[PDB]
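Data from query-v4.txt: compact mmCIF, C-alpha atoms and all ligand atoms
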```txt
# COMPACT_ATOMS: atom_id res chain seq x y z
CA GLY A 161 -81.04 -25.79 -52.75
CA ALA A 162 -80.86 -25.92 -48.92
CA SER A 163 -78.48 -27.99 -46.71
CA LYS A 164 -81.20 -28.59 -44.06
CA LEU A 165 -83.48 -30.30 -46.65
CA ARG A 166 -80.68 -32.78 -47.67
CA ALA A 167 -79.99 -33.66 -43.94
CA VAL A 168 -83.75 -34.51 -43.52
CA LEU A 169 -83.54 -36.71 -46.69
CA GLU A 170 -80.35 -38.41 -45.37
CA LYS A 171 -82.14 -39.19 -42.00
CA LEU A 172 -85.24 -40.57 -43.90
CA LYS A 173 -82.98 -42.77 -46.13
CA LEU A 174 -81.17 -44.38 -43.15
CA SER A 175 -84.45 -45.30 -41.33
CA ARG A 176 -85.80 -46.86 -44.57
CA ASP A 177 -82.45 -48.65 -45.38
CA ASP A 178 -81.24 -50.10 -41.99
CA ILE A 179 -81.82 -53.78 -40.99
CA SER A 180 -85.42 -54.50 -39.95
CA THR A 181 -87.31 -57.78 -39.38
CA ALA A 182 -90.75 -55.90 -39.57
CA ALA A 183 -91.37 -56.78 -43.32
CA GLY A 184 -90.77 -60.46 -42.42
CA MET A 185 -93.37 -60.36 -39.59
CA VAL A 186 -95.86 -58.68 -42.03
CA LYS A 187 -95.14 -61.20 -44.84
CA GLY A 188 -95.82 -64.04 -42.34
CA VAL A 189 -99.22 -62.62 -41.27
CA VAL A 190 -100.21 -61.71 -44.93
CA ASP A 191 -99.21 -65.13 -46.41
CA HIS A 192 -101.27 -66.84 -43.63
CA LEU A 193 -104.32 -64.58 -44.17
CA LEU A 194 -104.16 -65.25 -47.97
CA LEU A 195 -104.26 -69.01 -47.32
CA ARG A 196 -107.37 -68.82 -45.05
CA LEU A 197 -109.03 -66.45 -47.63
CA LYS A 198 -108.31 -68.63 -50.74
CA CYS A 199 -110.35 -71.44 -49.05
CA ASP A 200 -113.47 -69.21 -48.72
CA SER A 201 -116.07 -69.53 -51.55
CA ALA A 202 -116.14 -65.73 -52.18
CA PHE A 203 -112.48 -64.80 -51.55
CA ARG A 204 -111.03 -67.81 -53.50
CA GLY A 205 -109.70 -65.50 -56.28
CA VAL A 206 -107.90 -63.18 -53.82
CA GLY A 207 -104.42 -62.07 -54.80
CA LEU A 208 -101.94 -59.73 -53.18
CA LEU A 209 -101.34 -56.63 -55.34
CA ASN A 210 -97.52 -56.36 -55.97
CA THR A 211 -96.58 -59.82 -54.54
CA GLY A 212 -92.88 -58.81 -54.64
CA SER A 213 -91.52 -55.55 -53.04
CA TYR A 214 -90.84 -54.05 -49.50
CA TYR A 215 -94.71 -54.11 -48.94
CA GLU A 216 -95.39 -50.26 -49.35
CA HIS A 217 -95.56 -47.71 -46.47
CA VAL A 218 -98.18 -45.02 -45.77
CA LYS A 219 -95.56 -42.90 -43.85
CA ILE A 220 -92.04 -41.75 -44.93
CA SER A 221 -90.98 -41.43 -41.20
CA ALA A 222 -92.73 -44.60 -39.85
CA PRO A 223 -90.86 -47.83 -40.85
CA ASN A 224 -93.29 -49.93 -38.73
CA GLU A 225 -96.45 -48.81 -40.65
CA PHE A 226 -97.29 -51.02 -43.63
CA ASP A 227 -99.87 -50.63 -46.42
CA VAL A 228 -101.15 -53.79 -48.19
CA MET A 229 -103.78 -54.58 -50.81
CA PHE A 230 -105.73 -57.72 -51.59
CA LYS A 231 -107.37 -57.61 -55.01
CA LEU A 232 -110.23 -59.65 -56.55
CA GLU A 233 -110.37 -59.77 -60.40
CA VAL A 234 -113.86 -58.77 -61.58
CA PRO A 235 -114.37 -59.61 -65.30
CA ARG A 236 -117.55 -58.35 -67.09
CA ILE A 237 -118.09 -55.47 -64.64
CA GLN A 238 -120.91 -52.93 -65.18
CA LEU A 239 -120.25 -49.55 -63.54
CA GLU A 240 -122.87 -46.94 -62.64
CA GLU A 241 -121.83 -43.46 -61.47
CA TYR A 242 -123.58 -42.58 -58.20
CA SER A 243 -125.07 -39.06 -57.75
CA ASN A 244 -122.78 -37.44 -60.46
CA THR A 245 -119.79 -37.88 -58.03
CA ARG A 246 -117.38 -38.86 -60.92
CA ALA A 247 -115.27 -41.09 -58.48
CA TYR A 248 -118.00 -43.26 -56.74
CA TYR A 249 -119.80 -46.07 -58.55
CA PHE A 250 -122.30 -48.86 -58.07
CA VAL A 251 -120.88 -52.24 -59.20
CA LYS A 252 -123.35 -54.23 -61.36
CA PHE A 253 -123.06 -57.62 -63.19
CA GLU A 259 -122.23 -67.87 -61.78
CA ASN A 260 -119.36 -65.74 -60.22
CA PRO A 261 -117.97 -65.95 -56.58
CA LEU A 262 -119.21 -62.43 -55.63
CA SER A 263 -122.85 -63.25 -56.63
CA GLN A 264 -123.30 -64.10 -52.86
CA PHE A 265 -122.78 -60.34 -52.01
CA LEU A 266 -125.41 -59.21 -54.57
CA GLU A 267 -128.26 -57.08 -53.15
CA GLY A 268 -130.46 -57.15 -56.23
CA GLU A 269 -128.17 -55.99 -59.07
CA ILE A 270 -125.59 -53.98 -57.02
CA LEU A 271 -122.61 -55.57 -55.26
CA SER A 272 -122.55 -54.93 -51.47
CA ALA A 273 -119.20 -53.60 -50.14
CA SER A 274 -120.49 -53.50 -46.49
CA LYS A 275 -121.32 -57.24 -46.58
CA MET A 276 -118.06 -58.13 -48.39
CA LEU A 277 -116.04 -56.13 -45.77
CA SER A 278 -118.04 -57.69 -42.85
CA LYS A 279 -117.18 -61.19 -44.21
CA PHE A 280 -113.51 -60.24 -44.96
CA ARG A 281 -113.31 -58.87 -41.34
CA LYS A 282 -114.92 -62.03 -39.80
CA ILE A 283 -112.29 -64.32 -41.51
CA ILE A 284 -109.32 -62.04 -40.51
CA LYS A 285 -110.63 -61.59 -36.87
CA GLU A 286 -110.78 -65.46 -36.59
CA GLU A 287 -107.23 -65.95 -38.05
CA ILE A 288 -105.84 -63.20 -35.66
CA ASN A 289 -106.06 -65.63 -32.64
CA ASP A 290 -104.84 -68.73 -34.60
CA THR A 294 -96.34 -63.82 -32.69
CA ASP A 295 -99.28 -61.69 -31.36
CA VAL A 296 -101.60 -59.88 -33.86
CA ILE A 297 -104.59 -57.79 -32.63
CA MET A 298 -107.12 -56.06 -34.94
CA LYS A 299 -107.14 -52.27 -34.20
CA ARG A 300 -110.67 -51.16 -33.09
CA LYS A 301 -110.83 -48.45 -35.86
CA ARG A 302 -113.76 -48.90 -38.30
CA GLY A 303 -113.84 -47.59 -41.89
CA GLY A 304 -114.27 -48.93 -45.44
CA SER A 305 -110.68 -48.18 -46.62
CA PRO A 306 -108.49 -49.57 -45.09
CA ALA A 307 -110.88 -52.51 -44.47
CA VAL A 308 -108.58 -53.78 -41.64
CA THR A 309 -105.67 -52.42 -39.47
CA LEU A 310 -103.52 -54.91 -37.52
CA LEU A 311 -101.02 -54.18 -34.74
CA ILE A 312 -98.24 -56.85 -34.77
CA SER A 313 -96.51 -57.16 -31.34
CA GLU A 314 -96.38 -53.50 -30.05
CA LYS A 315 -94.77 -51.31 -32.81
CA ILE A 316 -95.73 -52.81 -36.25
CA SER A 317 -99.04 -51.62 -37.84
CA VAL A 318 -100.55 -53.01 -41.09
CA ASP A 319 -103.38 -51.50 -43.14
CA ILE A 320 -105.14 -54.03 -45.42
CA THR A 321 -107.46 -52.83 -48.23
CA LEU A 322 -109.71 -55.17 -50.24
CA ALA A 323 -110.14 -53.96 -53.84
CA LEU A 324 -111.83 -55.04 -57.11
CA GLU A 325 -109.64 -55.15 -60.23
CA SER A 326 -110.99 -54.32 -63.69
CA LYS A 327 -109.04 -54.83 -66.96
CA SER A 328 -111.52 -52.79 -69.00
CA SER A 329 -110.85 -49.24 -70.34
CA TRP A 330 -110.93 -46.50 -67.69
CA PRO A 331 -114.36 -44.86 -66.95
CA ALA A 332 -115.34 -41.64 -68.89
CA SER A 333 -114.73 -39.40 -65.77
CA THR A 334 -110.94 -40.06 -66.35
CA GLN A 335 -110.87 -38.94 -70.10
CA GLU A 336 -109.17 -35.58 -69.20
CA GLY A 337 -107.19 -36.98 -66.23
CA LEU A 338 -103.51 -38.03 -66.08
CA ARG A 339 -102.43 -34.87 -68.04
CA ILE A 340 -98.87 -36.05 -68.59
CA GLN A 341 -98.61 -35.45 -72.40
CA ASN A 342 -96.37 -32.34 -72.14
CA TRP A 343 -94.11 -34.02 -69.53
CA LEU A 344 -93.94 -37.81 -70.13
CA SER A 345 -95.51 -37.69 -73.69
CA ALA A 346 -98.82 -38.66 -75.34
CA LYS A 347 -97.28 -42.19 -76.04
CA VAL A 348 -96.69 -42.85 -72.32
CA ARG A 349 -100.23 -41.59 -71.36
CA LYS A 350 -101.75 -44.03 -73.92
CA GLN A 351 -99.55 -46.95 -72.54
CA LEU A 352 -100.61 -46.21 -68.89
CA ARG A 353 -104.33 -45.98 -69.76
CA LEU A 354 -104.01 -49.62 -71.03
CA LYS A 355 -103.27 -50.67 -67.38
CA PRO A 356 -106.04 -51.99 -65.00
CA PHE A 357 -108.04 -49.90 -62.49
CA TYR A 358 -109.33 -50.59 -58.97
CA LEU A 359 -112.57 -50.09 -57.09
CA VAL A 360 -112.28 -49.71 -53.31
CA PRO A 361 -115.05 -49.41 -50.61
CA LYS A 362 -115.81 -45.76 -49.57
CA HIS A 363 -119.09 -43.82 -49.29
CA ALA A 364 -119.65 -40.74 -51.56
CA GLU A 372 -124.33 -46.41 -49.60
CA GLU A 373 -123.05 -49.45 -51.60
CA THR A 374 -120.52 -47.37 -53.60
CA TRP A 375 -116.96 -48.13 -54.66
CA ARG A 376 -114.28 -45.49 -55.33
CA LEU A 377 -112.02 -45.54 -58.47
CA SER A 378 -108.39 -46.04 -57.47
CA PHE A 379 -105.24 -45.59 -59.58
CA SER A 380 -102.67 -45.81 -56.64
CA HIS A 381 -100.69 -48.45 -58.69
CA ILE A 382 -99.86 -45.82 -61.40
CA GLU A 383 -97.62 -43.87 -58.96
CA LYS A 384 -94.64 -46.35 -58.89
CA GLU A 385 -94.83 -46.54 -62.72
CA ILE A 386 -94.35 -42.75 -63.00
CA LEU A 387 -91.91 -42.38 -60.10
CA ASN A 388 -89.51 -45.02 -61.63
CA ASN A 389 -89.64 -43.22 -65.10
CA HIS A 390 -90.39 -39.62 -64.14
CA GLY A 391 -88.38 -37.37 -66.50
CA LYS A 392 -88.99 -35.71 -69.87
CA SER A 393 -85.58 -37.24 -70.77
CA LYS A 394 -85.58 -41.05 -70.95
CA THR A 395 -82.21 -40.87 -69.10
CA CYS A 396 -83.46 -38.71 -66.11
CA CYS A 397 -81.45 -39.84 -63.00
CA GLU A 398 -79.43 -42.42 -65.03
CA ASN A 399 -76.21 -40.31 -65.07
CA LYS A 400 -74.26 -37.48 -63.25
CA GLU A 401 -75.41 -34.70 -65.71
CA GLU A 402 -79.14 -35.54 -65.33
CA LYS A 403 -79.77 -35.69 -61.54
CA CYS A 404 -83.24 -34.29 -60.70
CA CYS A 405 -84.99 -33.48 -57.36
CA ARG A 406 -88.59 -34.69 -58.20
CA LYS A 407 -88.50 -37.74 -55.79
CA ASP A 408 -86.79 -35.61 -53.04
CA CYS A 409 -89.52 -32.87 -53.30
CA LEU A 410 -92.31 -35.48 -52.93
CA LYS A 411 -90.53 -37.06 -49.84
CA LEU A 412 -90.17 -33.55 -48.27
CA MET A 413 -93.81 -32.60 -49.09
CA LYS A 414 -94.99 -35.88 -47.46
CA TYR A 415 -92.67 -35.43 -44.43
CA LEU A 416 -93.89 -31.77 -44.06
CA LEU A 417 -97.53 -33.01 -43.73
CA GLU A 418 -96.66 -36.02 -41.46
CA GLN A 419 -94.76 -33.75 -38.96
CA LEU A 420 -97.64 -31.22 -38.87
CA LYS A 421 -100.16 -34.04 -38.36
CA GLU A 422 -98.03 -35.46 -35.48
CA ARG A 423 -97.59 -31.99 -33.86
CA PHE A 424 -101.38 -31.35 -33.90
CA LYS A 425 -102.56 -34.96 -33.23
CA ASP A 426 -104.29 -33.84 -29.92
CA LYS A 427 -106.52 -31.45 -31.98
CA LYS A 428 -108.65 -32.70 -34.98
CA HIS A 429 -107.94 -29.90 -37.56
CA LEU A 430 -105.53 -31.97 -39.74
CA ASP A 431 -107.45 -35.32 -39.46
CA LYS A 432 -108.87 -35.22 -43.07
CA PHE A 433 -105.49 -34.40 -44.71
CA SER A 434 -103.37 -37.32 -45.98
CA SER A 435 -100.14 -38.14 -47.91
CA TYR A 436 -102.55 -38.67 -50.91
CA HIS A 437 -103.40 -34.90 -50.98
CA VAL A 438 -99.62 -34.13 -50.95
CA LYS A 439 -98.92 -36.68 -53.77
CA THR A 440 -101.79 -35.21 -55.90
CA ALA A 441 -100.56 -31.56 -55.53
CA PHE A 442 -96.95 -32.72 -56.20
CA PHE A 443 -97.93 -34.46 -59.52
CA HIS A 444 -99.91 -31.30 -60.52
CA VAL A 445 -96.54 -29.36 -60.07
CA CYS A 446 -94.90 -32.03 -62.37
CA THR A 447 -97.48 -31.20 -65.10
CA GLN A 448 -96.94 -27.43 -64.46
CA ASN A 449 -93.10 -27.84 -64.66
CA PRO A 450 -92.57 -30.55 -67.34
CA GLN A 451 -88.90 -29.89 -68.17
CA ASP A 452 -86.12 -31.68 -66.20
CA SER A 453 -84.27 -28.26 -66.08
CA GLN A 454 -87.15 -27.09 -63.76
CA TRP A 455 -86.10 -29.92 -61.32
CA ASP A 456 -82.26 -29.58 -61.03
CA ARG A 457 -80.84 -31.36 -57.88
CA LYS A 458 -78.93 -28.05 -57.14
CA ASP A 459 -82.28 -26.15 -57.06
CA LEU A 460 -83.87 -28.41 -54.38
CA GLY A 461 -84.73 -25.32 -52.24
CA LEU A 462 -86.60 -23.44 -55.02
CA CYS A 463 -88.18 -26.71 -56.35
CA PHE A 464 -89.48 -27.65 -52.90
CA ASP A 465 -90.64 -24.01 -52.63
CA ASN A 466 -92.68 -24.30 -55.96
CA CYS A 467 -94.33 -27.43 -54.31
CA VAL A 468 -95.10 -25.71 -50.98
CA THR A 469 -96.47 -22.58 -52.85
CA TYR A 470 -98.77 -24.71 -55.14
CA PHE A 471 -100.11 -26.77 -52.17
CA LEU A 472 -100.75 -23.47 -50.24
CA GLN A 473 -102.69 -22.14 -53.29
CA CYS A 474 -104.78 -25.39 -53.22
CA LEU A 475 -105.66 -24.85 -49.55
CA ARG A 476 -106.55 -21.11 -50.06
CA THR A 477 -108.67 -21.59 -53.26
CA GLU A 478 -110.18 -24.89 -51.84
CA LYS A 479 -109.21 -26.64 -55.09
CA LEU A 480 -107.27 -29.90 -55.50
CA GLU A 481 -108.44 -32.01 -58.46
CA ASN A 482 -108.06 -35.77 -58.39
CA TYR A 483 -105.03 -36.32 -60.73
CA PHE A 484 -107.13 -38.90 -62.69
CA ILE A 485 -110.67 -37.45 -62.23
CA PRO A 486 -110.43 -33.65 -62.85
CA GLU A 487 -114.07 -32.90 -61.79
CA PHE A 488 -113.44 -34.49 -58.37
CA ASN A 489 -112.25 -31.80 -55.95
CA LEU A 490 -110.45 -33.39 -52.97
CA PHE A 491 -110.52 -29.92 -51.30
CA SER A 492 -114.24 -29.09 -51.73
CA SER A 493 -116.06 -27.60 -48.69
CA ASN A 494 -118.27 -30.81 -48.58
CA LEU A 495 -115.18 -33.05 -48.05
CA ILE A 496 -113.05 -30.64 -45.87
CA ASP A 497 -114.40 -27.50 -44.10
CA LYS A 498 -112.66 -24.09 -44.63
CA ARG A 499 -111.49 -23.81 -40.93
CA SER A 500 -109.42 -27.06 -41.28
CA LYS A 501 -107.85 -25.73 -44.54
CA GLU A 502 -107.15 -22.26 -43.06
CA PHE A 503 -105.49 -23.96 -40.03
CA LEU A 504 -103.05 -25.99 -42.28
CA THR A 505 -102.48 -22.87 -44.55
CA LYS A 506 -101.43 -20.97 -41.37
CA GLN A 507 -99.15 -23.86 -40.16
CA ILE A 508 -97.34 -24.33 -43.55
CA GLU A 509 -96.92 -20.50 -44.06
CA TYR A 510 -95.29 -20.49 -40.57
CA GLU A 511 -92.89 -23.33 -41.57
CA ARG A 512 -91.65 -21.63 -44.80
CA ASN A 513 -91.30 -18.26 -42.92
CA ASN A 514 -89.17 -20.01 -40.20
CA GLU A 515 -86.67 -22.15 -42.31
CA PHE A 516 -89.03 -25.22 -41.83
CA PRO A 517 -88.61 -26.01 -38.05
CA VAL A 518 -90.48 -29.40 -38.30
CA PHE A 519 -87.52 -30.72 -40.36
CA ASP A 520 -84.80 -30.11 -37.66
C1 LIG B 1 -99.36 -39.82 -61.18
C2 LIG B 1 -100.13 -40.37 -60.00
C3 LIG B 1 -100.31 -41.74 -59.85
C4 LIG B 1 -101.02 -42.27 -58.78
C5 LIG B 1 -101.59 -41.42 -57.82
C6 LIG B 1 -102.35 -41.99 -56.68
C7 LIG B 1 -103.72 -42.24 -56.80
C8 LIG B 1 -104.44 -42.85 -55.77
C9 LIG B 1 -105.88 -43.22 -56.03
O1 LIG B 1 -106.54 -43.66 -55.07
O2 LIG B 1 -106.35 -43.02 -57.18
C10 LIG B 1 -103.82 -42.99 -54.51
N1 LIG B 1 -104.24 -43.41 -53.27
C11 LIG B 1 -103.20 -43.21 -52.41
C12 LIG B 1 -103.24 -43.71 -51.00
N2 LIG B 1 -103.41 -45.17 -50.97
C13 LIG B 1 -103.70 -45.70 -49.64
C14 LIG B 1 -104.08 -47.18 -49.74
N3 LIG B 1 -103.05 -47.98 -50.46
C15 LIG B 1 -103.54 -49.35 -50.72
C16 LIG B 1 -102.53 -50.25 -51.39
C17 LIG B 1 -101.49 -50.82 -50.66
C18 LIG B 1 -100.52 -51.58 -51.29
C19 LIG B 1 -100.58 -51.80 -52.66
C20 LIG B 1 -101.60 -51.23 -53.40
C21 LIG B 1 -102.56 -50.45 -52.77
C22 LIG B 1 -102.62 -47.33 -51.72
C23 LIG B 1 -102.24 -45.88 -51.50
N4 LIG B 1 -102.11 -42.78 -53.02
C24 LIG B 1 -102.48 -42.62 -54.35
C25 LIG B 1 -101.74 -42.13 -55.43
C26 LIG B 1 -101.40 -40.04 -57.99
CL1 LIG B 1 -102.03 -38.93 -56.80
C27 LIG B 1 -100.70 -39.52 -59.06
ZN ZN B 2 -84.91 -37.67 -62.34
```
Just dump the structure as structure tokens.
Amino acid sequence: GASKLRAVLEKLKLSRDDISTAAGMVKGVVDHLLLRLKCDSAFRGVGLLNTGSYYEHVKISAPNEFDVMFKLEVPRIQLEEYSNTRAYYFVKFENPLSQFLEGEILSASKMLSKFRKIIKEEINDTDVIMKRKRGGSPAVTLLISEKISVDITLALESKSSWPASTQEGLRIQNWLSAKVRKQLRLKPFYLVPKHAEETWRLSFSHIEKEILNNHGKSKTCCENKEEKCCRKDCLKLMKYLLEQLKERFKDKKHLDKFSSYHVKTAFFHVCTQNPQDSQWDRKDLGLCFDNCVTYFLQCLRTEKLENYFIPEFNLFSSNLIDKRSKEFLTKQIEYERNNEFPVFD
């Protein structure tokens, strides 16, 4: 444990907890968008994923940045792995999405261009302007007033068994048990637009809250005084460590490809590595956060960070992130641990 780390966590808790109208402004915009979308022939079956919450945030230090998902149920889906990528698929199949068919394969580009057209129109009809940024996921980014920012992703939902590329993924059997792994694999999966082309990426982002809210080997982890663990605290600190380094070097482009997602992935790989709750004692926050920082550094150096669900998908391959960018971050983190983590004060 370290006192500095707890002070950072106390600051992050107060920004998250204090009175804010922001969620209300976002709910207003989202509820309005959903109504204009449910009238469209193609987006009629659109539903907000997790209709009840605090809307989900991409940043632990930014209370004004929101992350939202609109899902479309896609029964009787045929998936085809593109170029042996393990995570990117062609979507094959009347139905409402038959309009976006280009032969047999579903067009994401055309679906996103339509989704954008409808949102861009609703923006004019409280001031909400669509941020100029263009990319498949998030499909849309809105700036509400001056401070509030909302990412909106359009995703396809499938209730069929997870694709074969996931068979060895979610290696939680020595931590959460074989019984829990089997229960989670019965949950749906998502397909989001992203190029490896008219390819969709497999997404399991919805599995995170399931694990975070029931994260111990003991069924009573964090339910009493005797069983207080630091797993959630280590993830918040790992995320905050990346966010602060990204902010510091925003004028350069060396940390542009790194995201909270990479930090989450490496963190859950440490959970598999250290499955016992005794390896996560609240008193050992310092050493636990150190095990996290060390593992992430090893990922950067070896250029290896497997998708937690798709083991043959390396998020740190040279083709996705060049070595110079990795070596830059490796140098910045190594500086932070050798200087009592200055980004935290
Ligand atoms: C044990 C475990 C479980 C889950 C994950 C996981 C996996 C994925 C994945 O893609 O498989 C993730 N992706 C991202 C970033 N996304 C940005 C866009 N958001 C849209 C949204 C917004 C609101 C409501 C739904 C959706 C969701 C969060 N964190 C992810 C985390 C990991 Cl690592 C380990
Ligand atoms: Zn716990």
Could you build a table of the residues in chain A lying no more than 6 Å from ligand LIG 1 (chain B), giving for each the nearest pair of atoms and their separation in Å rounded to one decimal place, using all atoms listed in the file, ordered by chain and ascending residue number, as JSON lines?
```
{"residue": "A:209", "atom": "CA", "partner": "B:LIG1", "partner_atom": "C19", "distance": 5.6}
{"residue": "A:216", "atom": "CA", "partner": "B:LIG1", "partner_atom": "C18", "distance": 5.6}
{"residue": "A:227", "atom": "CA", "partner": "B:LIG1", "partner_atom": "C17", "distance": 4.5}
{"residue": "A:228", "atom": "CA", "partner": "B:LIG1", "partner_atom": "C18", "distance": 3.9}
{"residue": "A:229", "atom": "CA", "partner": "B:LIG1", "partner_atom": "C17", "distance": 4.4}
{"residue": "A:321", "atom": "CA", "partner": "B:LIG1", "partner_atom": "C15", "distance": 5.8}
{"residue": "A:378", "atom": "CA", "partner": "B:LIG1", "partner_atom": "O2", "distance": 3.7}
{"residue": "A:379", "atom": "CA", "partner": "B:LIG1", "partner_atom": "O2", "distance": 3.7}
{"residue": "A:380", "atom": "CA", "partner": "B:LIG1", "partner_atom": "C8", "distance": 3.6}
{"residue": "A:382", "atom": "CA", "partner": "B:LIG1", "partner_atom": "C3", "distance": 4.4}
{"residue": "A:383", "atom": "CA", "partner": "B:LIG1", "partner_atom": "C3", "distance": 3.5}
{"residue": "A:436", "atom": "CA", "partner": "B:LIG1", "partner_atom": "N4", "distance": 4.6}
{"residue": "A:439", "atom": "CA", "partner": "B:LIG1", "partner_atom": "CL1", "distance": 4.9}
{"residue": "A:440", "atom": "CA", "partner": "B:LIG1", "partner_atom": "CL1", "distance": 3.8}
{"residue": "A:443", "atom": "CA", "partner": "B:LIG1", "partner_atom": "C27", "distance": 5.8}
{"residue": "A:483", "atom": "CA", "partner": "B:LIG1", "partner_atom": "CL1", "distance": 5.6}
```
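Near ligand ZN 2 (chain B), the residues found within 7 Å are residues 390, 391, 396, 397, 402, 403, 404, 405 and 406 of chain A (criterion computed using only C-alpha atoms and all ligand atoms).
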Compile the contact shell of region 333-342 of chain A as a VMD selection string: residues with an atom at most 7 Å away, counting all atoms listed in the file, same-chain residues fewer than 4 positions apart removed.
chain A and resid 246 346 349 447 450 483 to 486
I'd like the contact shell of region 250-267 of chain A - 12 Å cut-off, all atoms listed in the file, skipping same-chain residues fewer than 3 positions apart - returned as a PyMOL selection string.
chain A and resi 198+200-206+232-247+270-280+324-326+358-364+372-377
Keeping C-alpha atoms, export the residues of the selection given above as a compact mmCIF listing (two decimals), in the frame of the given file.
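Printed below is again-v7.txt as written:
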```txt
# COMPACT_ATOMS: atom_id res chain seq x y z
CA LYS A 198 -108.31 -68.63 -50.74
CA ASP A 200 -113.47 -69.21 -48.72
CA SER A 201 -116.07 -69.53 -51.55
CA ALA A 202 -116.14 -65.73 -52.18
CA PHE A 203 -112.48 -64.80 -51.55
CA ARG A 204 -111.03 -67.81 -53.50
CA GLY A 205 -109.70 -65.50 -56.28
CA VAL A 206 -107.90 -63.18 -53.82
CA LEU A 232 -110.23 -59.65 -56.55
CA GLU A 233 -110.37 -59.77 -60.40
CA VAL A 234 -113.86 -58.77 -61.58
CA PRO A 235 -114.37 -59.61 -65.30
CA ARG A 236 -117.55 -58.35 -67.09
CA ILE A 237 -118.09 -55.47 -64.64
CA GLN A 238 -120.91 -52.93 -65.18
CA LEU A 239 -120.25 -49.55 -63.54
CA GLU A 240 -122.87 -46.94 -62.64
CA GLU A 241 -121.83 -43.46 -61.47
CA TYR A 242 -123.58 -42.58 -58.20
CA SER A 243 -125.07 -39.06 -57.75
CA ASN A 244 -122.78 -37.44 -60.46
CA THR A 245 -119.79 -37.88 -58.03
CA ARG A 246 -117.38 -38.86 -60.92
CA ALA A 247 -115.27 -41.09 -58.48
CA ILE A 270 -125.59 -53.98 -57.02
CA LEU A 271 -122.61 -55.57 -55.26
CA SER A 272 -122.55 -54.93 -51.47
CA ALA A 273 -119.20 -53.60 -50.14
CA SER A 274 -120.49 -53.50 -46.49
CA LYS A 275 -121.32 -57.24 -46.58
CA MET A 276 -118.06 -58.13 -48.39
CA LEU A 277 -116.04 -56.13 -45.77
CA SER A 278 -118.04 -57.69 -42.85
CA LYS A 279 -117.18 -61.19 -44.21
CA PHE A 280 -113.51 -60.24 -44.96
CA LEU A 324 -111.83 -55.04 -57.11
CA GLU A 325 -109.64 -55.15 -60.23
CA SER A 326 -110.99 -54.32 -63.69
CA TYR A 358 -109.33 -50.59 -58.97
CA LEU A 359 -112.57 -50.09 -57.09
CA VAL A 360 -112.28 -49.71 -53.31
CA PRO A 361 -115.05 -49.41 -50.61
CA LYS A 362 -115.81 -45.76 -49.57
CA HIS A 363 -119.09 -43.82 -49.29
CA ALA A 364 -119.65 -40.74 -51.56
CA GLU A 372 -124.33 -46.41 -49.60
CA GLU A 373 -123.05 -49.45 -51.60
CA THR A 374 -120.52 -47.37 -53.60
CA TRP A 375 -116.96 -48.13 -54.66
CA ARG A 376 -114.28 -45.49 -55.33
CA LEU A 377 -112.02 -45.54 -58.47
```
Taking into account all atoms listed in the file, which residue in the set A:456, A:225, A:408, A:515 is nearest to residue 169 (chain A)?
A:408
